[PDB]
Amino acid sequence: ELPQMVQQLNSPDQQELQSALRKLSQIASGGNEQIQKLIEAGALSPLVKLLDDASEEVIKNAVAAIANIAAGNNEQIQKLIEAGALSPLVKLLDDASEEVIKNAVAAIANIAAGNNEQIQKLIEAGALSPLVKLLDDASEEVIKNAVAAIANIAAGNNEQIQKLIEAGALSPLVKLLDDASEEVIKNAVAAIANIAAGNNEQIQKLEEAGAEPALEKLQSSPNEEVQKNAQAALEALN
């Protein structure tokens, strides 16, 4: 059932390979107990190997599956990192297909939701500069996943918030506080609230970027998430 599908990942047939990757992604999307079955079946290393495959269609399916595996628990994210997912995922952020960037950034966003040591490996893999460049991408689905990843990295320690500021994240995030999608503002205000939870120097850099006037408008939002995040970030500035 499952080992046969994992064995199918080593196939010259491009239809059989795409089909096996589609089924595995569907299992992986069903929750942590399903992701555990794929790990125990040895699905991770061949899946990671398929991120550098000669077939653009095979890459798409492999990234879709890994994005779903990345949605697992800290232990599952750890196995994905140990399988070598980070380096190929970072390389995929600079790819022609918008479909691969979307899931490459989603997988990275789900890994960024893990512990601070896992955020450190994402930074060590060079994920920050390409993530900041995707904040101007002009594809709304890419920008929301890029903002969500950054928001997750900002939930890390003060040193990790520092690597975000040094990457040039502050100015694109304050720009995304308005004249953008509803889901983008929601993610931008969460990232800003996370940077405001940093040290006093980082709170200062946020003012310099022009965050305070952009947050004052969001303070009275009817959206519970936006409202509380704009309120928490403003309390931190003053």
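In case it trips you up, residue 1 is the first one in the sequence shown, and so on.
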query	finding
196-204 versus 175-183 - which carries the larger mean C-alpha B factor in the record	175-183
51-59 versus 186-194 - greater average Cα B-factor per the deposited record	51-59
Residue of maximum C-alpha B factor among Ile150, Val90, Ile77, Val100, per deposited coordinates	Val100
Identity of residue with top Cα B-factor, from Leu122, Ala109, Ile81, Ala138	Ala138
Third of the chain's Cα B-factor distribution that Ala169 belongs to, per the entry	middle
Ranked against its chain, the third holding the CA B-factor of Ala230	lowest
Among modelled residues of the same chain, the CA temperature factor third for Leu38	middle
Where the record places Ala96 (Cα B-factor, split into thirds across the chain)	highest
Third of the chain's Cα B-factor distribution that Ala28 belongs to, per the entry	middle
